[PDB]
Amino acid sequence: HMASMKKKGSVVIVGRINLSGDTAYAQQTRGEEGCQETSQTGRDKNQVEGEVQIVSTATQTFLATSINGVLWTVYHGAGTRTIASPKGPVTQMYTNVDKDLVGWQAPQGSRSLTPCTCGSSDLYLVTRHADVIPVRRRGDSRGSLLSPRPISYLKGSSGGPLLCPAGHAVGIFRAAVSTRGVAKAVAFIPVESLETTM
């Protein structure tokens, strides 16, 4: 009934992939209880750092990546949800179900990756476990893993970046192509598709 209608909570930043130094590692910045509370209020007073955030809703967890001042992620994770911020929920500034893409203004304190213009096909996928996985680009939106592995290892990493050797953003991880549960290839939203939507 109209009286009891609920609203979906915000996407919440719950951690980050630290790429500051020589060793990549995940950091949690908010636990599940505080995540649920922040999703309901949409008010997140935590300091944000870095390029790759770990994000969560009430039911899903995935990644979000800042490129050119926009925090980008997948529509299949975030839907049309707002993101929590220090002054309340923030509405998406980009939404494209056809590309499986959404974006919000990048949070204060984040660092943005630069869009790649190298034209290189030797890529690196960053997962939610801070694994850096070499990927050979195979098309506009596809790459093959140099070392295949079960899809379990990639689950929860949509919204993460594919980077070039120079650390530029080449695309946003969207889907994993597997055979008998082994991921052989990935699909991603190319950064040019991001740059066009901007």
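Throughout, we count residues from 1 along the sequence that is shown.
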item	value
Greater mean Cα temperature factor according to the PDB record, 3-11 or 187-195	3-11
Residue stretch of maximal mean CA temperature factor, 108-116 vs 95-103	108-116
Member of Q53, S144, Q47, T61 with the greatest C-alpha B factor (per the PDB record)	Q47
Per the PDB entry, maximal CA B factor within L162, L154, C35, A130	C35
B-factor third for the C-alpha atom of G42 within its chain	middle
Chain thirds of CA B-factor: placement of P150	highest
Third of chain Cα B-factors occupied by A166	highest
